[PDB]
Structure formats: C-alpha cells, structure tokens
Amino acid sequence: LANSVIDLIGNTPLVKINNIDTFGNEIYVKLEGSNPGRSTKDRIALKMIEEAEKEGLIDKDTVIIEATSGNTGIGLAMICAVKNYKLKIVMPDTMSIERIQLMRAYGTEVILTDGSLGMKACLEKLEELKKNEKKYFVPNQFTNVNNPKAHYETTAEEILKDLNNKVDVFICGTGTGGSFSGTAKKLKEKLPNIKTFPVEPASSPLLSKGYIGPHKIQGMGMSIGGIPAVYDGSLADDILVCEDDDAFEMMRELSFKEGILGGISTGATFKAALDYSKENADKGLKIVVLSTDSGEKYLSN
C-alpha cells in the first residue's frame, strides 16, 4: 500500500536497450517518466517542499511560486494537490500546451511569459508576483541545494543498486543541471572511475561554446542569463550535444524500436549516449542514460 501518490515517487525502472545497436556496450535507460508526475522533477519537488516544511518556511496558506519550463511545475502541482497547498507557476509560452493541461488538472495556476526572452523573463515576472502575495515560498530550483541533493540521495542510489555497483558511464541532459550534478556526484563518490557527461542543445551551446540560442529540446538549455548554481561543471568529463531534429528523430527511434516513450530531451540524451557508445565501441561498458520525462506530453509537438 501507498498512503498517497507521494509514496510512488522514485524507485523508477532501469530498462536495457535490446533492438537498437549499441555497439558492443550495454545501454540502460532510467525511466523517470514512470514517476507519478511523469518526470524526474517529482523528486526535487518533494525534497524542496519537505525540507522547507521542516525549516518552518511553509504554512498551510503559504502560496508556493516557481519559475519552470513545465516539469518542475507539474511535480510541484501534484505534490501541492496531495498536501493541499496553493501553487502558482510562471512559465514561457513556447513550451508544450500539455504541460499547462497537466498543471491545471492538479489545480495549479499558470502565468505566461514571452518564451523568446527565456527563463530569465519567468524569473523577472515571479518578482512581480511576489508583491501581491502576503506569504509565499519560492523553491527556486536554480539555486536550491535540494534539487541536486534529491538526486544524490535517491536517483543515484537506485542506479547503483539496480546495476549492482557496476556502472561505467552516466549521461544526462541539463537545464538546471541538478539531475546531472546530483546524480553524478553520488556515482563518483561510490565509483571513482565512472565517467559522467552532461548534454546540452547543439543550438544553445552554453557550456561547450559560451553562448545560448533558441532551441526545441524542451526542458534542456540554460536561459536564466548564466550557468545555474546547481550545475557542477567539475563533474563533466566532456560536454555532449544534440541537434533539435536529431533529438526528435531519436525520440521516435526509441518508441518504434524499444517501446520507450520518452520526451524530447530523452531523445537528445539518448542520441548523445549512442554517439558516445559508437565512439567507444566494443568495450563492454555499462552506460546509463537518464530519461527525464515521458513522451505523452509531446504528441502536439
């Protein structure tokens, strides 16, 4: 028995790739779309809220407010439904309408900004929204240690346990950098020889080239006006990238060939991993790819 959907967060499956040629290495996909809120962000939503509760920062009528590209808003929305907290989310208009559908299904209010101004514009609008709230809590996934700490405590430990401490490579898409950084931190503490790589959009190559641009790999990319504090670049063994169309194409390869329905970033992260496997062919590596969310919310895309 689960006492609520909160008890279903985490413990997500790790699935082997069987039909796609992975070049003499084994690739496993950790399916964070299996979380009740359908993304890895259920983990950080829960930890940011639960630690804030313990620190006395959240009363029953505290309005939670967060800037998000969608999934952190959804995770927060589901958790706030269970906890009976009021949530307001600021997000860009460029993101999939299904993200909005999902947040509103849980009773969350959504405020929209111009997506051509990036997540920076979301954060600016959030400052305006604070002025009208008597009592609020901003989790701030861009700075909150409990974003990467969630992954350090659960996501990484699950990877280690399911693969019996035999993991050679971990590859993960980045937006805040929290899932990459928290998970890689724990993996590296337990497995000193593991290689860990972040992925970013080829069209928004901030970490690899020093500049941003518009891209279509929803959830990935860094658009707050700098590298987020929760991204730990020292963990990156190299920066991997993926083009927009290649990410969409790989999303369909995974669903057609493996029955894995992941999001656009899953396509991006998996393409990057498969390219890595190919460059490192026939080594017998155990490679883990984080799939951040499920593909159902991208059918309109």
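In case it trips you up, residue 1 is the first one in the sequence shown, and so on.
- As recorded in the PDB entry, 103 to 111 is the stretch of 103 to 111 and 73 to 81 with the greater mean C-alpha temperature factor.
- If you average the C-alpha B-factors over 37 to 45 and over 233 to 241, the higher value belongs to 233 to 241.
- The PDB entry assigns its highest CA temperature factor, among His151, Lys125, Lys88, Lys135, to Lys125.
- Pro192: CA B factor lies in the highest third for its chain, per the PDB record.
- When the CA B factors of the chain's modelled residues are split into thirds, the value for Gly219 lands in the middle one.
- When all modelled residues of the chain are sorted by CA temperature factor, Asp246 is found within the middle third.
- Placement of the Cα temperature factor of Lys30 within the chain: lowest third of the modelled residues, per the deposited record.
- Split the chain's modelled residues into thirds by C-alpha temperature factor. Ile58 is in the middle one.
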